[PDB]
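Asks: One structure coming up, written as C-alpha cells, with questions to follow.
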There are 4 protein chains.
Amino acid sequence: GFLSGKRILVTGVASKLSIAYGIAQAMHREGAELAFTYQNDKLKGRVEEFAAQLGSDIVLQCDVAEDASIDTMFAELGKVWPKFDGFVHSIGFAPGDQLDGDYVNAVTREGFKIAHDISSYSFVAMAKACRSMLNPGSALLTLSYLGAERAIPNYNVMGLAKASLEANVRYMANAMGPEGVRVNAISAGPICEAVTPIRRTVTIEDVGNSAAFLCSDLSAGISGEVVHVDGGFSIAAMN
Amino acid sequence: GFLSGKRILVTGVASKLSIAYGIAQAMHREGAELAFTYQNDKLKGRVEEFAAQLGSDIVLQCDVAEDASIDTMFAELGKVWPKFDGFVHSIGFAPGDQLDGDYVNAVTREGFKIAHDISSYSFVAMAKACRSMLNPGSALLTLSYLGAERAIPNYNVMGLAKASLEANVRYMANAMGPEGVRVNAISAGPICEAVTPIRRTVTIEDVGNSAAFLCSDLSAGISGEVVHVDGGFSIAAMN
Amino acid sequence: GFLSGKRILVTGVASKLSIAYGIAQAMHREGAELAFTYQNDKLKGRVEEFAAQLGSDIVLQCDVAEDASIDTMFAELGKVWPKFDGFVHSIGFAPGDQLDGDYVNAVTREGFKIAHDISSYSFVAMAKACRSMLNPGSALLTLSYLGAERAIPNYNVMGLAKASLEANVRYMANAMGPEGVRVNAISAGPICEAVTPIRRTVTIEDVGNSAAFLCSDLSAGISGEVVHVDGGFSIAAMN
Amino acid sequence: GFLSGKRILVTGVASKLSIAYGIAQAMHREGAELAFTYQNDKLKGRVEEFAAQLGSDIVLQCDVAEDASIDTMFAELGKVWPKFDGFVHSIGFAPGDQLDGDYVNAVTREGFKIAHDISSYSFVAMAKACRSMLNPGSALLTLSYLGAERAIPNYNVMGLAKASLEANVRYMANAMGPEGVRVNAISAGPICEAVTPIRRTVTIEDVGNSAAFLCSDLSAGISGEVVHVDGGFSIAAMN
Ligand SMILES: NC(=O)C1=CN([C@@H]2O[C@H](COP(=O)(O)OP(=O)(O)OC[C@H]3O[C@@H](n4cnc5c(N)ncnc54)[C@H](O)[C@@H]3O)[C@@H](O)[C@H]2O)C=CC1
Ligand SMILES: NC(=O)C1=CN([C@@H]2O[C@H](COP(=O)(O)OP(=O)(O)OC[C@H]3O[C@@H](n4cnc5c(N)ncnc54)[C@H](O)[C@@H]3O)[C@@H](O)[C@H]2O)C=CC1
Ligand SMILES: NC(=O)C1=CN([C@@H]2O[C@H](COP(=O)(O)OP(=O)(O)OC[C@H]3O[C@@H](n4cnc5c(N)ncnc54)[C@H](O)[C@@H]3O)[C@@H](O)[C@H]2O)C=CC1
Ligand SMILES: NC(=O)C1=CN([C@@H]2O[C@H](COP(=O)(O)OP(=O)(O)OC[C@H]3O[C@@H](n4cnc5c(N)ncnc54)[C@H](O)[C@@H]3O)[C@@H](O)[C@H]2O)C=CC1
Ligand SMILES: CCCCCCc1cc(=O)c(Oc2ccccc2C)cn1C
Ligand SMILES: CCCCCCc1cc(=O)c(Oc2ccccc2C)cn1C
Ligand SMILES: CCCCCCc1cc(=O)c(Oc2ccccc2C)cn1C
Ligand SMILES: CCCCCCc1cc(=O)c(Oc2ccccc2C)cn1C
C-alpha cells in the first residue's frame, strides 16, 4: 500500500476510540511498520495488545511532560529503528477544571501552563529528541481542532494551546524542511451534523485515512499545513 | 490502487507540462478509469494521444465559455458513463493584457469579466450540468493559486478570479454535500525555492498525487477545503 | 474632528437605512467635506436632501455598470474638487433569482457576471477613473460580508462576488500604496444576537464610525485589510 | 476628543520608543485619563516622568509573572479608579536564547513556558483581576505580530506565544462580550519597506492612533479581532 517501507511511531493510543487508534489501523492497512508509545502503567497493557494486533512489538513508555522520558524512549526506539520516517503526535491534555464554564473565570496560570506544555510544546520536544533519526522523506503529524481559530464554549484554554500547536506546525515545517522533513496537522471535526456540508460527523476512519496520506510520499508537496478533516464544518455559516 | 472503481473526468490537458496531465497520470496509476475533454480543434490530437496512452478512449470537446458546449459534452459522456464519480477542473484564463504591470492600470471590465467567467464560473457551470450524473461518494476538484489570498505583481485580475473560485469551492461543497458530493481545491505552488520550507518547487507529480487523494474515498472527511500543495511557501515569511 | 481637511466621495446612499448613510453621517460629524453619488433618477431628490443635511451641494449621477457614467461623474466632480482624498464604495447587486435556494441550482452565467461586475469590478473601475485626482494620504473603502469567507445559504453568488471584492482590496492596496493611497474593506455584520460576542447586531453607526476611521489619517498604518465590524460573530463557534 | 470620559490603564511603557508610549500619547491627545504600570524599580522614575507629561499621577508597579503583583496593582488602582474602561496590554518576553537560530534547536520547555506565560497568559491574568472593575463599554487591547501567522526565522517560540495570544483575544472577547467588554489585538508591523504596500515601516504613532480607536466607542462594532497595522505587508507576496 502507499506506506510500504515506512516506519512510523504512533503516540496517543488509549482505547479503540482514540484518533491514534484509527490512524494506526489506516497506516497498518497501507503497509507501514508501526511502533507505539504509552503514557503510563495504566495504559501499557491495552497499547501492547493493540500493537500485537497490528503486527508490532515495539511498545515504549513515554510521558511527554518529562524531557528524560522522551529521551529514554527514543534511545530505546533507536535499538530497533536506528532511523525511521516520522511520528504521529496525538496527545492532548488540560486539567478538568479548565474545561467548564466561562473561559476567563475557568483559566488559571497553572491550567494554561499545563495545557500548552502537554498539547503544544511536547510536539516539538519530540521532534528535538529524534531529529537526527529521521530519514529524508519523513513526515510528522499532529492533531488540532477548530477551537484554535474560533472561540468555542468550554473548550477554553485548550483553544489557545491548539493555536500554539498550529503555529508550532509552521515553525517546525520551516526549521526541518531543509533536512527533508515535512510537518503538518489535521484539524479534526469532533469525533451539528445538519450544518456540516457532508451531513455527518467525521470518524476516526476518515481521520485515519487523511493521516496516512499526510505521512506518506503522496503528500510530498504539503508542509506546514493544517488540513481540515471536519466534513467542511469550519467553512459553513448558518445552515 | 486507491482509485479502483472510480470514473473521473479530467479537463485541462494541453501538454505534458499541464497540471491536469500530472493529475491524470497519478489517477491512472491508482486505478481510476479516465475521461478527457479538450477545449478546441487545436488541442484535440494531443488530448487523444494522451488519453490512448492512459487506456482511455473517451475524449470530448468542451469549451467552458459556452453553456451549450458543456451540456453537449455531458450528454456525450452520458452515453458511456451514465453516472460517474466526479471531475478535475484544471482550467484558467485571462487575456494577456491583464497580466502585465500595475494591476489597477491593466485591469478592464472585459478582462475582469472573462477571467472570472473562465477561471471561476465554469467550475460551477460544470457541476450544474452533471449534477444528476454524480454517484454518492463523488468528488470535484479545482486548482487555485496563492494569488487568491495575497497581492502578487502581474498575476493581477487572476487573483480576484482565484478568490472567487475558492469561494465557489465552499459554496459548492455546502450545496452538494447532502447528495454525497465533496468539492475541494488544491492551491498549487508555481510549477523562491530557498524560502520554500521543502527547499524546492512543487512538481505536477506532487500536485497529481494530492489530487488523486482528494478525489478518492481516502479524503472522505475533507470538503470545502483549499489545500496548499506549495511546499509550505504560503506559511513562511522572510527566509 | 479627525476628518477635517478631507474631501470624500460617498456612493450608495439609497435611504436612511443604507450603510453609506451611517458612514456619511459619521464622516460629516468628524468634519469631512463630502460629495455623493446616486445610481438613477428615482434616488436623485432624496440624495440631494440627505446631502444638504450634511452641508453638501455636490450630488452626481453614477451608474457603475457603465465606464462612460463613471468618467462623466468624475469629470463633473473635478469641476469642484480638482483633487480629493478618497471615496467609500457602498455598492452591491445580484439579480434576485440568484439569492434564493440551492446555490448550484440558482447560480447562472449571467447572474455570476452581473454580481461580480457590479459588486467587485466597480470598486476598481472607480479607482481607475479617479486615480490622477487623488491626494497623497487618500483612502478608499468598500463594504464586504462574511459570505466572502463562508458558505451562507441563499447569499449564493454574492459570496463569490464578495470574495473577489476582498481580493480586489488587496491588489488595489498593493498597486496604489506607492503613490500614497490606502485601500481597505469593512466586513460588516448583518444590519444572530445570541451567538455574537457583543450580544447585539451592529448598526450603521458602528459601521460608519469604523469607516470614518479607515478613511482618516488615524488609520495611516492600515492598508489592504478586511476589518470585521460584526460584533465578533465570525470568531465564535457553537454558542 | 474621542476618548473623553474614558479611563484607561497602559502597561509596558519602557522608553520613548515603546509602542505603549505611542499609544499613551495618542490616547492622551484624544482626551482619555490614563494610568500606567511598570515592571520593576529600574523603570519607575522614567514612567513617572512619562505619566506626568501626560497629566497622570497614577503609576503602579506590576510584574505580570506574579498573580499577587497583578492583584495588588489592581487593588491600588481601585483606590483612585473604583471603576475604569479597559487597559492596553503591551507586554512580551522570551528568554534571549529562544530568539536566535534554528527554531527546533533553540526552543526549550522552559523558554516555551516563559514565552507563553508572559506574552499570552498575562493578558487574561489581567482581565481576571480587574473584571469586576470594568464599566459597560470597556475595551481591552493587546499587541501581536505576524509571527503568530507565519514561520519567521529567529522569532521562533514568540510566534507560538503570539498565536496563543491571538486565540486568547477571541476567547476573552467571547467570554466578556455579554457584560459589555470588547477585546481586540493589533498585529503591528516591525517598528521591509520596499515590499510593504505603503512603502514605509509603521511607527508607534500609526499604532497608537489605531490603538486609541480600538479602545474608544468608535470601535463599538469590533471585538475578538486581530487588526493588521503593518502597512499591508502581510497581504502582499513576491514584490
Ligand atoms: N476527540 C475529538 O473530537 C478530537 C480530538 N482532537 C485531538 O486528538 C488528539 C487525540 O485525542 P483523542 O484520540 O480524542 O483522545 P484520547 O484521550 O484517546 O487520546 C489522548 C491521548 O493523549 C495521551 N496523553 C495525555 N497526556 C500525555 C502525556 N503526558 N504523555 C503522553 N501521552 C499523553 C493519553 O495517554 C491518550 O493516549 C488530541 O490532541 C485531541 O486534542 C482533535 C480534534 C477533535
Ligand atoms: N502553472 C502553475 O504554476 C499554476 C497553475 N495553476 C492553475 O492550474 C490550472 C491548470 O494550469 P496549467 O496546467 O499550468 O496550464 P495549461 O495551460 O496547461 O492548462 C490550462 C488549460 O485550460 C484550458 N482552458 C482555457 N480556457 C478554456 C475554455 N474556454 N474551455 C476549456 N478549457 C479551457 C486550456 O485548454 C488548458 O488545457 C489553471 O487553473 C491554473 O490557473 C495553479 C497554481 C499554479
Ligand atoms: N445590509 C447588510 O446586512 C450588509 C451589507 N453589506 C454591503 O454594504 C453595501 C451597501 O449595502 P446596503 O447599505 O445594505 O443596502 P442599500 O440597498 O442601501 O445600498 C446598496 C446601494 O448600491 C447601489 N447600487 C446598486 N447597483 C448600482 C449601480 N449599478 N450603480 C451604482 N449604484 C448601485 C444602490 O443604489 C444602493 O445605493 C453593499 O455592498 C452590501 O453588499 C455588507 C455587509 C452586510
Ligand atoms: N517592536 C516591534 O516591532 C513589535 C512589537 N510587538 C509587541 O508589542 C509589545 C510591546 O513591545 P515593544 O513596545 O517593542 O518593546 P518594549 O521593550 O518597549 O516593551 C515591552 C514591555 O513589556 C514589559 N514586560 C516584560 N516582561 C514583563 C513582566 N514580567 N511584567 C510586566 N511588564 C513586562 C517591559 O517592561 C516593556 O514595558 C510586545 O508585546 C511586543 O511583542 C508587536 C509587533 C511588532
Ligand atoms: C462540540 C463542541 C466541543 C468540541 C470538542 C472536540 C474535541 C477536541 C479535543 O481536542 C479533544 O481532546 C481533548 C480535549 C481536552 C483535553 C484533552 C483532550 C484529548 C476532544 N474533543 C471531543
Ligand atoms: C512567480 C510569481 C507568479 C506565479 C504564477 C503561478 C501560476 C498561476 C496560475 O494560475 C497559472 O495559470 C494561469 C495564469 C494566467 C492565465 C492562465 C493560466 C492557466 C500559471 N502560473 C505559472
Ligand atoms: C443569510 C444571509 C444573510 C445576509 C445578510 C447580510 C447582507 C449582506 C449583503 O451584502 C447585503 O447587501 C446586498 C446583498 C445582495 C444584493 C445586494 C445587496 C445590497 C444585504 N445583507 C442583508
Ligand atoms: C525577523 C524578526 C522580526 C521581528 C520584528 C518585530 C518584533 C516583534 C515583537 O514581538 C517584538 O517584541 C518582542 C519580541 C521578543 C521578545 C520580547 C519582545 C518585546 C519586537 N520586534 C522587533
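To be explicit about the labels: the chains of the C-alpha cells are called A, B, and onward in the order shown, and within each one the residues are counted from 1, while ligands get numbers from 1 in the order they are shown.
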For residue 27 of chain D, please output as a PyMOL selection string all residues within 10 Å (counting only C-alpha atoms; exclusion window: fewer than 4 positions along the same chain).

Replies: chain D and resi 1-4+6-8+10+21-23+31-34+54+208-213+215-216

Asks: Residues of the last selection are to be written out with N, CA and C atoms, as a short mmCIF file (atom, residue, chain, number, x, y, z; two decimals), in the first residue's frame.

Replies:
data_model
loop_
_atom_site.label_atom_id
_atom_site.label_comp_id
_atom_site.auth_asym_id
_atom_site.auth_seq_id
_atom_site.Cartn_x
_atom_site.Cartn_y
_atom_site.Cartn_z
N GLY D 1 -11.51 64.97 22.85
CA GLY D 1 -11.58 64.13 21.60
C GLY D 1 -12.27 62.79 21.85
N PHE D 2 -12.01 61.76 21.03
CA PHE D 2 -12.91 60.61 21.04
C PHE D 2 -12.73 59.62 22.20
N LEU D 3 -11.74 59.86 23.06
CA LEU D 3 -11.60 59.14 24.34
C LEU D 3 -11.98 59.95 25.60
N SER D 4 -12.60 61.12 25.42
CA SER D 4 -13.13 61.87 26.57
C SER D 4 -14.10 61.04 27.40
N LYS D 6 -13.13 58.50 29.23
CA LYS D 6 -12.60 57.12 29.37
C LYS D 6 -11.39 57.16 30.28
N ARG D 7 -11.28 56.13 31.13
CA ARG D 7 -10.13 55.88 32.00
C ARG D 7 -9.49 54.56 31.56
N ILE D 8 -8.26 54.64 31.04
CA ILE D 8 -7.52 53.50 30.50
C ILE D 8 -6.18 53.31 31.18
N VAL D 10 -2.41 51.76 31.02
CA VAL D 10 -1.46 51.45 29.97
C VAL D 10 -0.28 50.72 30.59
N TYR D 21 4.17 53.75 24.53
CA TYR D 21 4.33 55.21 24.62
C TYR D 21 3.54 55.92 23.50
N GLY D 22 3.63 55.38 22.27
CA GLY D 22 2.93 55.94 21.11
C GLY D 22 1.44 55.83 21.36
N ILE D 23 1.04 54.70 21.93
CA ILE D 23 -0.37 54.50 22.29
C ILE D 23 -0.87 55.50 23.38
N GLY D 31 -8.07 62.65 24.75
CA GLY D 31 -8.71 63.05 25.99
C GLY D 31 -8.98 61.99 27.03
N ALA D 32 -8.48 60.77 26.81
CA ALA D 32 -8.51 59.75 27.85
C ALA D 32 -7.75 60.21 29.11
N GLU D 33 -8.24 59.84 30.30
CA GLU D 33 -7.44 59.85 31.53
C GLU D 33 -6.72 58.52 31.64
N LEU D 34 -5.46 58.54 32.05
CA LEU D 34 -4.61 57.38 31.91
C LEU D 34 -3.98 57.06 33.26
N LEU D 54 1.93 63.30 30.44
CA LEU D 54 0.57 63.05 30.01
C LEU D 54 -0.51 63.38 31.05
N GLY D 208 -0.36 53.82 17.66
CA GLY D 208 -1.07 54.46 18.76
C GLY D 208 -2.44 54.95 18.35
N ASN D 209 -2.52 55.50 17.14
CA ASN D 209 -3.76 56.02 16.60
C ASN D 209 -4.81 54.91 16.36
N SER D 210 -4.37 53.75 15.85
CA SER D 210 -5.22 52.56 15.81
C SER D 210 -5.62 51.99 17.16
N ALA D 211 -4.69 52.02 18.12
CA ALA D 211 -4.99 51.59 19.48
C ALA D 211 -6.03 52.50 20.15
N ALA D 212 -5.82 53.80 20.06
CA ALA D 212 -6.83 54.74 20.54
C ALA D 212 -8.21 54.45 19.97
N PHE D 213 -8.30 54.21 18.67
CA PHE D 213 -9.57 53.87 18.02
C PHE D 213 -10.21 52.61 18.63
N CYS D 215 -9.79 51.19 21.43
CA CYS D 215 -10.26 51.38 22.83
C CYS D 215 -11.40 52.39 23.03
N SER D 216 -11.92 52.99 21.96
CA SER D 216 -12.88 54.06 22.10
C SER D 216 -14.22 53.49 21.63
#

Asks: Per DSSP on the backbone, filter segment 98-155 of chain A down to the residues in helix (DSSP H, G or I) and report them as a PyMOL selection string.

Replies: chain A and resi 98-99+103-106+109-133+146-148

Asks: Looking only at the backbone, which of the residues in segment 64-136 of chain D does DSSP tag as strand (DSSP E), as a VMD selection string?

Replies: chain D and resid 84 to 89 134 to 136

Asks: Write as a PyMOL selection string the residues around ligand 2, taking 9 Å as the cut-off and counting only C-alpha atoms and all ligand atoms.

Replies: chain B and resi 11-22+37-40+43+61-66+89-94+117-120+122+142-147+158+162+186-191+204+230

Asks: Enter the distance from atom CA of residue 97 of chain C to atom CA of residue 123 of chain C, in Å, rounded to one decimal.

Replies: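 We find that atom CA of residue 97 of chain C and atom CA of residue 123 of chain C lie 23.5 Å from each other.
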
Asks: Output as an mmCIF file with C-alpha atoms, in the first residue's frame the set of chain A residues within 6 Å of chain C, with distances taken over only C-alpha atoms.

Replies:
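Here's the written file iface_7.cif:
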data_model
loop_
_atom_site.group_PDB
_atom_site.id
_atom_site.type_symbol
_atom_site.label_atom_id
_atom_site.label_comp_id
_atom_site.auth_asym_id
_atom_site.auth_seq_id
_atom_site.Cartn_x
_atom_site.Cartn_y
_atom_site.Cartn_z
ATOM 1 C CA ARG A 150 -12.764 30.094 16.876
ATOM 2 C CA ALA A 151 -13.913 30.768 20.440
ATOM 3 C CA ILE A 152 -15.816 27.613 21.437
ATOM 4 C CA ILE A 235 -16.307 26.727 6.097
ATOM 5 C CA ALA A 236 -20.112 26.903 6.644
ATOM 6 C CA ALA A 237 -22.267 29.513 8.432
#

Asks: Which residue gives the smallest distance to residue 138 of chain C among C:220, C:227, C:107, C:52, with only C-alpha atoms counted?

Replies: C:220

Asks: Identify which of the residues B:24, B:60, B:140, B:51 lies closest to residue 84 of chain B, counting only C-alpha atoms when measuring atom-to-atom distances.

Replies: B:140

Asks: When you look at segment 98-100 of chain A with a cut-off of 8 Å (counting only C-alpha atoms), what residues show up, excluding the ones that are within fewer than 4 positions of it in the same chain? I need them as JSON, numbers by chain.

Replies: {"A": [94, 106, 107, 108, 111, 154, 155, 156, 157, 158]}

Asks: Please produce an output containing N, CA, C and O atoms for each residue in the selection, written as a tab-separated table (two decimals), in the first residue's frame.

Replies:
chain	number	residue	atom	x	y	z
A	94	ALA	N	-5.71	19.04	29.24
A	94	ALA	CA	-5.82	20.21	30.11
A	94	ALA	C	-6.47	19.71	31.41
A	94	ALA	O	-7.34	18.84	31.34
A	106	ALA	N	-12.58	30.35	34.34
A	106	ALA	CA	-12.02	28.98	34.49
A	106	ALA	C	-10.49	28.92	34.34
A	106	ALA	O	-9.84	28.08	34.97
A	107	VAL	N	-9.91	29.73	33.47
A	107	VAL	CA	-8.46	29.63	33.17
A	107	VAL	C	-7.62	30.10	34.37
A	107	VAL	O	-8.02	31.05	35.09
A	108	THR	N	-6.48	29.43	34.59
A	108	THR	CA	-5.55	29.81	35.66
A	108	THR	C	-4.16	29.71	35.06
A	108	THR	O	-3.99	29.04	34.03
A	111	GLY	N	-3.29	25.99	34.91
A	111	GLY	CA	-4.01	25.25	33.87
A	111	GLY	C	-3.55	25.61	32.46
A	111	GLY	O	-3.42	24.75	31.58
A	154	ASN	N	-16.55	26.32	26.66
A	154	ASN	CA	-15.98	25.21	27.44
A	154	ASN	C	-14.64	24.67	26.92
A	154	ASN	O	-13.84	24.30	27.74
A	155	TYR	N	-14.34	24.77	25.63
A	155	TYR	CA	-13.02	24.26	25.16
A	155	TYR	C	-11.91	25.11	25.77
A	155	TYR	O	-10.80	24.66	26.01
A	156	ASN	N	-12.23	26.38	26.02
A	156	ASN	CA	-11.44	27.29	26.87
A	156	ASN	C	-9.93	27.32	26.56
A	156	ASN	O	-9.53	27.48	25.39
A	157	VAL	N	-9.07	27.10	27.56
A	157	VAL	CA	-7.64	27.28	27.30
A	157	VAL	C	-7.08	26.24	26.31
A	157	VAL	O	-6.04	26.46	25.67
A	158	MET	N	-7.78	25.13	26.15
A	158	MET	CA	-7.38	24.22	25.06
A	158	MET	C	-7.40	24.86	23.65
A	158	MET	O	-6.55	24.56	22.80

Asks: Would you mind telling me which residue in A:205, A:193, A:102, A:85 lies nearest to residue 176 of chain D when using only C-alpha atoms?

Replies: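 Going through A:205, A:193, A:102, A:85 one by one, the smallest distance to residue 176 of chain D is for A:102.
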